[PDB]
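In what follows, a single structure is set out as structure tokens and then discussed.
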Protein chains: 2
Amino acid sequence: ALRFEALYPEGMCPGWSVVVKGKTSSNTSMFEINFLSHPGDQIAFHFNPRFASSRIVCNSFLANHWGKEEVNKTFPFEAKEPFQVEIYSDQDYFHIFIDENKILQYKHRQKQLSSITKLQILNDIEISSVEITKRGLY
Amino acid sequence: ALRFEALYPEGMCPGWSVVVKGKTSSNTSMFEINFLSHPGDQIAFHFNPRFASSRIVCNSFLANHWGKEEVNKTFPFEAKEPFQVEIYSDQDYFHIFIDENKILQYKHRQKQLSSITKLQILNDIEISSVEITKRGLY
Ligand SMILES: CC(=O)N[C@@H]1[C@@H](O[C@@H]2O[C@H](CO)[C@H](O)[C@H](O[C@H]3O[C@H](CO)[C@H](O)[C@H](O)[C@H]3O)[C@H]2O[C@@H]2O[C@@H](C)[C@@H](O)[C@@H](O)[C@@H]2O)[C@H](O)[C@@H](CO)O[C@H]1O
Ligand SMILES: CC(=O)N[C@@H]1[C@@H](O[C@@H]2O[C@H](CO)[C@H](O)[C@H](O[C@H]3O[C@H](CO)[C@H](O)[C@H](O)[C@H]3O)[C@H]2O[C@@H]2O[C@@H](C)[C@@H](O)[C@@H](O)[C@@H]2O)[C@H](O)[C@@H](CO)O[C@H]1O
């Protein structure tokens, strides 16, 4: 189920942060935050915390296929407890912070960063806030 | 021109805050922030700062007609200068704060508040941030 979508047609990458606060409803489901590129609604970045297995799966869906999964060594979420996830893009990575701690980086596979105009948040997350902010590049 | 859209299908009213930060590009154009209700994409609240005339026009577009304009001349904007607009809904009004000053309140005309699932930001605004927060008091 779609919980939140945002569209910024001029392209929200690189140099933008998405900050999502919320918590899961279940102990053993999952949610995803996807960054989609236009045209095609390809998934440039899929961030998928899976609470049954305590694994964060990251991937891209390009040319009608999922690529190689990048699975983080740790799982800094707790089911049913509030978290903050920030995803910030630079020229080379999506950088993921959870509760203000740097957790992982994911190298861009879709290189056409300015085509990433759409954010979707799906499945088991009760959102308390979404912030989309133009940070720039440092 | 659509600059930003957000969809929150469970309803973002009442008790949510939307904070928009940005600046205009022109000295004498205009932008609008619209809260839309589903089904129908009716405009529950249209917030339209008009820089040529220094007037904030507020209205609703329901049953295929604009209603009575509620116009504020406080116009605490300056062309090309960063601003912060916060729109917070309670059970009775949309409350508007600009640069942390309360400017106006607008009584709900669309009474089906939970049907307000969509935010659109159009025309002459260069967005630097959009934040959408439940329990908009915090
Ligand atoms: C079984 C399969 O086809 N793939 C397994 C991997 O699961 C997919 O992992 C992807 C990330 O690498 C996505 O998370 C994907 O789900 C998303 O995409 C699909 C379309 O592909 C749907 O839109 C989902 O709604 C969306 O979340 C995962 O596939 C889904 O879950 C699988 C377990 C399976 O039930 C699929 O049918 C379902 O679409 C899995 O991570 C990997 C390791 O276990 O094994 C692959 O086989
Ligand atoms: C001329 C007219 O039809 N209406 C005048 C008022 O202008 C409209 O004001 C509305 C709020 O009360 C909206 O701001 C509207 O613009 C929005 O909606 C229209 C569709 O109705 C379009 O989608 C626009 O893109 C959108 O911003 C205003 O109408 C627009 O501006 C007018 C000046 C005119 O050019 C219209 O054709 C255009 O749609 C105006 O504020 C009022 C002042 O007294 O006079 C009304 O007649």
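Order of the sequence lines fixes the chain letters, A, B, ..., with proteins taken first and strands second; residue numbering starts at 1 for each chain. In each ligand, atom 1 is the first atom listed, and ligand 1 is the first ligand listed.
Judged as a ring-ring contact (aromatic ring centres under 6.0 Å, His included), and not counting sequence neighbours, the contacts of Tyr106(A) are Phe45(A). For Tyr138(B), the ring-ring contact (aromatic ring centres under 6.0 Å, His included) test picks out no residue, with sequence neighbours left out.
For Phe77(B) and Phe51(B), the distance between ring centers is under 6.0 angstrom.
Looking at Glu32(A) and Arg3(A), no side-chain N of the basic residue comes within less than 4.0 Å of a carboxylate O on the acidic one, giving no salt bridge. By the 4.0 Å N-to-carboxylate-O rule, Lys118(A) lies close enough to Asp41(A) to be salt-bridged with it.
In this structure, ligand 1 sits under 4.0 Å from heavy atoms belonging to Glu32(A), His46(A), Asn48(A), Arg50(A), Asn59(A), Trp66(A), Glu69(A).
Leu62(B) belongs to no multi-residue hydrophobic cluster, having no ILVMFWY side-chain contact under 4.5 Å with any other such residue.
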